[PDB]
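Asks: Dropping a structure here in structure tokens format, bear with me for questions.
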Amino acid sequence: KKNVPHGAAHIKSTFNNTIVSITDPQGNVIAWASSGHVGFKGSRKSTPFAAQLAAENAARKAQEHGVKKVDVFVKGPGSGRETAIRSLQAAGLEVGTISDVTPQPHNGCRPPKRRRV
Amino acid sequence: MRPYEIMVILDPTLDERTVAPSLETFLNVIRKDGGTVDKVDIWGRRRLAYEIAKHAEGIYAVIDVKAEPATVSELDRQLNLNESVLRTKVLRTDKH
Amino acid sequence: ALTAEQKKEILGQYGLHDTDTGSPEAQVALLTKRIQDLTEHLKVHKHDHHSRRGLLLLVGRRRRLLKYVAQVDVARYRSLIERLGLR
Amino acid sequence: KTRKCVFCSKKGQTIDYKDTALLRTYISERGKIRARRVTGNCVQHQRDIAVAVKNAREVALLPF
RNA sequence: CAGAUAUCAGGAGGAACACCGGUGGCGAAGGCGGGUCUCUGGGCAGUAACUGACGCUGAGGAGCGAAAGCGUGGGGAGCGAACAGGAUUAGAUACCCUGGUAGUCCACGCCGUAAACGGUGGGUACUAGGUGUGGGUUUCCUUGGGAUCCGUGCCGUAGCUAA
């Protein structure tokens, strides 16, 4: 295989789930673990417990590829931001730095309209 | 004629020595058409706030020309056909 | 707009005398030349739709002064009418 | 803040877009813009500074 | 599951300009906000310099005039009517999801209706205040304060309203 000394916790933290993609500094997701990856789907995909489970599974894969030092790259808001953060902290990946990597269309494109249920 | 304070961003690839002769070789037409007194203030090797065209540093040029709007318009048309130039900005010193 | 120099030379030209800015013929000439100026600004800004209101207001003021010119003395009225070539 | 201004009251000072340091004193970390009344300055200076900050963001000298 | 999500980089697309962005301004009203340039609109302020009642209203009439919709040619990234499956439900056609056509954008046009409302027509002379607040100028301390004219709020006199 290979070893990644420093990783990046690219957390696609959708309210649906926190896809914790660990990425080498090159910019390649060496592995990822989401709520479904642990086994959480539907509402359980969006439960806070799924967040630390996904983060911990990703960090276990990180150790499996010898990853210890990771800076945290959290995407948009979801379920279990700080939860996945201290999961990664408690799973062999120290926090390093936290960065809210969220897209900012500064009054740009048009989305769908809305939901009323 | 209006006082236009033309701001130009130039490539980081070239040397600062060539920065100026490339500047009078284009200010020549402005001077020959509008009779424009030009104050060429050049200060290069400065970073851009965001990377532009795969580059985040360049050369900053301030030129104070007293030229009619047509002449500075010709300059802007020429201040973008060049590879060295990066961003042009012609400003109306009036209350505009 | 009515540049501070062109309006002054126009006042000297068609005004009743010096310093008599605001005399009916003087204002007529000033607003007439302003209207001629806007004539082509509208023809290039075909969808300006906002300076036309000032166009009409100045035209109305020109006519509202033309009537006062005619009532005081028809002679000066005709003089200015064929001077500016109106109608 | 709470003065007449730092320009309209100090009665000597200027604003330049090239003076990116002076403008940066009023911008946020990313470059976000203070409200019309945050810095306690006379309004015209606020508006002109806002337009200058727009231009600076366009010319890539402030953190956008 | 083919490599979807993701991550990085790149290219394409089309649309709009978050923060500034608010009794704050502008505009006759619909309306106006990324930046540059050009043309242009109107207002306010101090000098009467001047015209010497050239004032106002305004039926007919005039154009402008939200959005939609249609005519003509493009755009369409997305949204998205209409129309598609799935979902609650007795029924979905509806709320919810799974998509997307015209339209939505542009160009030239049409129409003229909106809750196109200070629900307060235009204009003008008088009637306690107080307090926010935009533009100006002046006058009074050593910026400080006052006056004035114009914009723009709220409360509160007289007085008015059925309240």
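Each chain of the structure tokens is named A, B, ... in the order shown, its residues numbered from 1; ligands are numbered from 1 in display order.
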Pick out each residue of stretch 23-73 of chain B that DSSP on the backbone tags as strand (DSSP E); I need them as a list in words.

Replies: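 After running DSSP on the backbone, stretch 23-73 of chain B has strand (DSSP E) at residues 38, 39, 40, 41, 42, 43, 44, 45, 46, 47, 57, 58, 59, 60, 61, 62, 63, 64, 65, 66 and 67 of chain B.
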
Asks: Write out as a list in words the residues lying within 10 Å of residue A:85, counting only C-alpha atoms (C1' of nucleotides) and excluding same-chain residues fewer than 6 positions away.

Replies: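 Near residue A:85, the qualifying residues are residues 9, 11, 51, 52, 55, 56, 72, 73, 74, 91, 93, 94, 95 and 98 of chain A.
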
Asks: Could you write out the selected residues, including N, CA, C and O atoms, as a tab-separated table (two decimals), in the first residue's frame?

Replies:
```tsv
chain	number	residue	atom	x	y	z
A	9	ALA	N	-9.65	15.75	6.98
A	9	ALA	CA	-10.96	15.18	7.27
A	9	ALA	C	-12.02	15.96	6.49
A	9	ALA	O	-12.74	16.81	7.02
A	11	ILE	N	-15.20	16.39	5.61
A	11	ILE	CA	-16.46	15.88	6.14
A	11	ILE	C	-17.58	16.53	5.35
A	11	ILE	O	-17.99	17.66	5.63
A	51	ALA	N	-22.69	10.14	13.19
A	51	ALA	CA	-21.58	11.06	12.94
A	51	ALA	C	-20.29	10.56	13.57
A	51	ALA	O	-19.26	10.45	12.89
A	52	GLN	N	-20.31	10.25	14.87
A	52	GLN	CA	-19.08	9.76	15.45
A	52	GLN	C	-18.74	8.38	14.92
A	52	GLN	O	-17.56	8.05	14.80
A	55	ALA	N	-17.01	9.02	11.56
A	55	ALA	CA	-15.71	9.63	11.78
A	55	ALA	C	-14.72	8.62	12.34
A	55	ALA	O	-13.56	8.56	11.91
A	56	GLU	N	-15.16	7.81	13.30
A	56	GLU	CA	-14.28	6.82	13.91
A	56	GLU	C	-13.88	5.75	12.91
A	56	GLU	O	-12.72	5.31	12.90
A	72	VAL	N	-9.06	19.15	9.94
A	72	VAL	CA	-10.46	18.80	9.72
A	72	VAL	C	-11.07	19.78	8.73
A	72	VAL	O	-11.04	20.99	8.94
A	73	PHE	N	-11.62	19.24	7.64
A	73	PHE	CA	-12.23	20.03	6.57
A	73	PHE	C	-13.72	19.69	6.54
A	73	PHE	O	-14.16	18.85	5.75
A	74	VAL	N	-14.51	20.37	7.36
A	74	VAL	CA	-15.93	20.08	7.44
A	74	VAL	C	-16.68	20.89	6.38
A	74	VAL	O	-16.45	22.09	6.21
A	91	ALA	N	-10.05	8.81	17.82
A	91	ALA	CA	-9.83	7.65	16.97
A	91	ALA	C	-8.50	7.75	16.22
A	91	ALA	O	-8.38	7.27	15.10
A	93	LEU	N	-6.79	10.49	15.19
A	93	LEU	CA	-6.58	11.67	14.35
A	93	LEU	C	-6.84	12.92	15.19
A	93	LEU	O	-7.99	13.31	15.40
A	94	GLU	N	-5.76	13.54	15.66
A	94	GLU	CA	-5.91	14.77	16.43
A	94	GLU	C	-6.54	15.86	15.57
A	94	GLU	O	-6.49	15.82	14.34
A	95	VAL	N	-7.15	16.84	16.25
A	95	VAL	CA	-8.00	17.81	15.56
A	95	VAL	C	-7.18	18.64	14.57
A	95	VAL	O	-7.62	18.89	13.44
A	98	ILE	N	-9.66	23.20	12.28
A	98	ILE	CA	-11.04	23.03	11.83
A	98	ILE	C	-11.32	24.11	10.79
A	98	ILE	O	-11.00	25.29	10.99
```

Asks: Should the cut-off be 8 Å, what would the residue list for chain B against chain D look like, counting only C-alpha atoms, as a list in words?

Replies: residues 47, 48, 49, 50 and 87 of chain B

Asks: Those residues you just picked out, can you put them in a file as a short mmCIF file (atom, residue, chain, number, x, y, z; two decimals), in the first residue's frame with N, CA and C atoms?

Replies:
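File selection_12.cif, as written:
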```
data_model
loop_
_atom_site.label_atom_id
_atom_site.label_comp_id
_atom_site.auth_asym_id
_atom_site.auth_seq_id
_atom_site.Cartn_x
_atom_site.Cartn_y
_atom_site.Cartn_z
N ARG B 47 1.27 40.60 -4.40
CA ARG B 47 0.35 39.48 -4.46
C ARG B 47 -1.05 39.94 -4.83
N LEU B 48 -1.81 39.04 -5.45
CA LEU B 48 -3.24 39.25 -5.65
C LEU B 48 -4.02 38.61 -4.51
N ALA B 49 -5.15 39.22 -4.16
CA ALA B 49 -5.97 38.67 -3.09
C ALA B 49 -6.51 37.29 -3.45
N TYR B 50 -6.88 37.09 -4.71
CA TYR B 50 -7.23 35.77 -5.22
C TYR B 50 -6.38 35.48 -6.44
N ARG B 87 -5.23 42.65 -15.40
CA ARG B 87 -6.49 43.33 -15.15
C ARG B 87 -6.29 44.82 -15.39
#
```

Asks: Any chance you could tabulate, as a tab-separated table, the residues of chain E at most 7 Å from chain D with each one's nearest atom pair and distance in Å to one decimal, using only C-alpha atoms (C1' of nucleotides), in chain and rising number order?

Replies:
```
residue	atom	partner	partner_atom	distance
E:19	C1'	D:32	CA	4.9
E:20	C1'	D:33	CA	5.0
E:34	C1'	D:54	CA	6.9
E:35	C1'	D:55	CA	5.5
E:143	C1'	D:9	CA	5.2
```

Asks: At what distance in Å, to one decimal, does atom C1' of residue E:67 lie from atom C1' of residue E:95?

Replies: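 Computing the Euclidean distance for atom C1' of residue E:95 and atom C1' of residue E:67 yields 25.6 Å.
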
Asks: May I ask you to extract the residues of chain E within 12 Å of chain B, using only C-alpha atoms (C1' of nucleotides), and to give them as a PyMOL selection string?

Replies: chain E and resi 9-10+35-39

Asks: A:40, A:32, A:15, A:49: which is nearest chain E, counting only C-alpha atoms (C1' of nucleotides)?

Replies: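 Ranked by minimum distance to chain E, first place goes to A:32.
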